[PDB]
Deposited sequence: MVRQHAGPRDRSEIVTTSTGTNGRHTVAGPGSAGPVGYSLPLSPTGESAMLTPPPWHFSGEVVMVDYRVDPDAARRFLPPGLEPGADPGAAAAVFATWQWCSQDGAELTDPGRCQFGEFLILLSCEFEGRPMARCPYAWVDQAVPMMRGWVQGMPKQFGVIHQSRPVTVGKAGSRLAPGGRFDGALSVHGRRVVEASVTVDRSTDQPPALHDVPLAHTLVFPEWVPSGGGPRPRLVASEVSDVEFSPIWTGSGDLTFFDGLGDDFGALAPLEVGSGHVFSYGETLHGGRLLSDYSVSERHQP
C-alpha cells in the first residue's frame, strides 16, 4: 500500500524513482596513473576487515568517462542521461588473503551516478572532470599509438584537485592490477532519527588492449590534510584503455557482528 519505488521519489506505480534496480551495464574510456603512496597513510583509510595490500604502497589515480544503462538499454537513447565523467583514487588492500581495491575518494559530474555510488558504499562527491579523447583524423589531438599523450583534470569548488598525464609508448594485454580486482566499500548512510563492508559483484569484465607509458600526477591542496596524506611519493606508469562491466549488487564481506 502507498507509493513505491526502488528509490526516492516514491510513486503509485514506482516509475518516478531516481534510480533503477540493478544490474547496470558500463562501457567507458580510462586514463590511469599508477603511483606510490605512503603505506602508513593508506592504512588509516582501511576499515577493520581490510588488510594492507601485498604491496601496501601501490595506488592509482583513475580518470574515466562512461556510458551506462539498465538491462533494457532504455537510457542509451538519451546521451545526456547515460553519460558521466569520473575521477577516483584506488588503494591496494586484501580481504582474507584476496587482493582487492579500496576507493577512499571519488568524484563524478552527474547526480544519478553520484547517488547510485552511495547505494554501493562508493564515496562519490561532485566535481568538474575533464579528459582527453583519442582522435583518428586531423591534427588536433593524439592517436592511440606510441607518442600519444592524454590528460585528465579534476576541479572541485572552482580549484584544482588533481592533474594527470600519460604519454603511451606500447600496447599490452595486461590489465592494470588495481583496475582488475574487486572493490571493497563501506555501506553506511547518516542517521537522521551500522556500517557494513561490502564488495561490488561484477560480471562480463572486459578490457581493450592497454596502452602504457610514462605517467605524471600532481595533487593540489584545498581538500584537507586527510586527502593530501594520499598524494604520490613517486609516480609510475600511465595507462589508457577501454573498460566494460556489469554491476549486479553487493556481497557482504563483514557485518562486524
Where are the gaps relative to the deposited sequence?
1-32, 226-231, 296-302
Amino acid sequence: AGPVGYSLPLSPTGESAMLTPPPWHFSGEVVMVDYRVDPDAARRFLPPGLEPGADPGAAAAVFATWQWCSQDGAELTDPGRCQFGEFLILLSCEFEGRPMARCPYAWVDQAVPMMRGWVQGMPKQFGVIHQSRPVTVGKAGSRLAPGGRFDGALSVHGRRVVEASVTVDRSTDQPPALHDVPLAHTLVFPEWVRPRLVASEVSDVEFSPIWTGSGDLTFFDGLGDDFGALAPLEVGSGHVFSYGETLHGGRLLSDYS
From here on, numbers count along this sequence of modelled residues.
Would you tell me which stretch averages the higher CA B-factor in the PDB entry, 92-100 or 70-78?
92-100
As stated in the PDB record, which stretch has the larger average Cα B-factor, 82-90 or 139-147?
139-147
Tell me, please, which of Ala64, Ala59, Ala199, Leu217 has the highest C-alpha B factor according to the deposited entry?
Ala199
Peak C-alpha temperature factor (PDB record), options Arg170, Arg159, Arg116, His179
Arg170
In terms of the CA temperature factor given in the entry, to which third of its chain does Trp192 belong: lowest, middle or highest?
highest
Considering only modelled residues of the same chain, in which third does the CA B-factor of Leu10 rank: lowest, middle or highest?
middle
Temperature factor at the Cα of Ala231, chain-ranked in thirds, falls in the middle
For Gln120, the third of its chain into which the C-alpha B factor falls
middle
Entry-reported Cα temperature factor of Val33, expressed as the chain third it lands in:
lowest
